[PDB]
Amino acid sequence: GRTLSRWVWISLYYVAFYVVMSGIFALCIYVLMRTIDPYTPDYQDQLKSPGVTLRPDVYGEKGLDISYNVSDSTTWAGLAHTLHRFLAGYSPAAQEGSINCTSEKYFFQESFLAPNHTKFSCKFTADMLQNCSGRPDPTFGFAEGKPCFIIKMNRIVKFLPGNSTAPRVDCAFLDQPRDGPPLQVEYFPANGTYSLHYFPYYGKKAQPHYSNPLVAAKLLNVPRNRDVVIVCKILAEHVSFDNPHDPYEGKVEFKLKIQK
């Protein structure tokens, strides 16, 4: 409708308008990523308490659901393989860029002392689960019906879980008291504890080869051919495990069915 020599002036105006505005946006991100530090989050407002995940993680609907047949290895090979490929990065061969750690308490690294301005991160290799390492049982206790679920807490730069005793994992059911014993769970390493010299996290740029501490909760007492539900809560002084809008901070819940 407009004149063609106008049309080009109009569109040159809108083109030039967008270029100027995008440019403002450009200089804004430019400034914006300079206003912030690569080794700590400015605010970390949502990470008040840390979340805790579980392996093998398989869901159906409405949270974690895990069922399998001891007699049908097709139902549990996939879980075992989840655990193998997950721990493939906790092998000594892939995790050689760290230090053997025995600090036994908080590992505050005040100054940057590792190659190419990096940081020293502790080492945590599979063999520290001792039964659930993939050896000497490559089914991680599933074949037996004593499954090894490995628990792993979320990492937050410069977060401290408590100084009293090491943060431990307590796995238990909820409404199965009446008929049947309480559960018996063996943890690896023992008491289901996390070594305090793994805190604090200084961030993916500071520690390029960092690896979370793990505890495996080998479940022995769990009844076969029955629907049960297991919660692994974390016990420390600065961990809140129970909040209604996030059921994965401090605890994990999963439905377990082992059938024979």
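Don't overthink the numbering: it's just position in the shown sequence, from 1. Here, rigid core means the biggest group of C-alpha atoms that superpose within 1.5 Å across both forms.
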| message | Which segment is farther from the shown form on average in 5 other deposited structures of this protein after a rigid core fit, 179 to 187 or 147 to 155, going by CA atoms? | response | 179 to 187
| query | Rigid core superposed, root mean square over structures and residues, which stretch has C-alphas farther from this form in 5 other deposited structures of this protein, 66 to 74 or 51 to 59? | reply | 66 to 74
| Which is higher in the entry, the mean Cα B factor of 26 to 34 or that of 66 to 74? | 26 to 34
| note | Of 83 to 91 vs 97 to 105, the stretch with the larger average CA B-factor in the entry is 97 to 105
| query | Can you tell me which of 180, 138, 145, 167 has the highest Cα temperature factor in the record? | reply | 180
| said: I'd like to know which of 174, 157, 153, 126 has the highest C-alpha temperature factor in the PDB entry. | reply: 174
| task | Using the B-factor values recorded in the entry, state whether the Cα atom of residue 257 falls in the lowest, middle or highest third among the modelled residues of its chain. | result | lowest
| said: Could you place residue 206 in the lowest, middle or highest third of its chain by Cα temperature factor, using the values in the record? | reply: highest
| B-factor third for the C-alpha atom of residue 200 within its chain | highest
| remark: Temperature factor at the Cα of residue 61, chain-ranked in thirds, falls in the highest
| query | Which third, lowest, middle or highest, does the CA B-factor of residue 162 fall in along this chain? | reply | highest
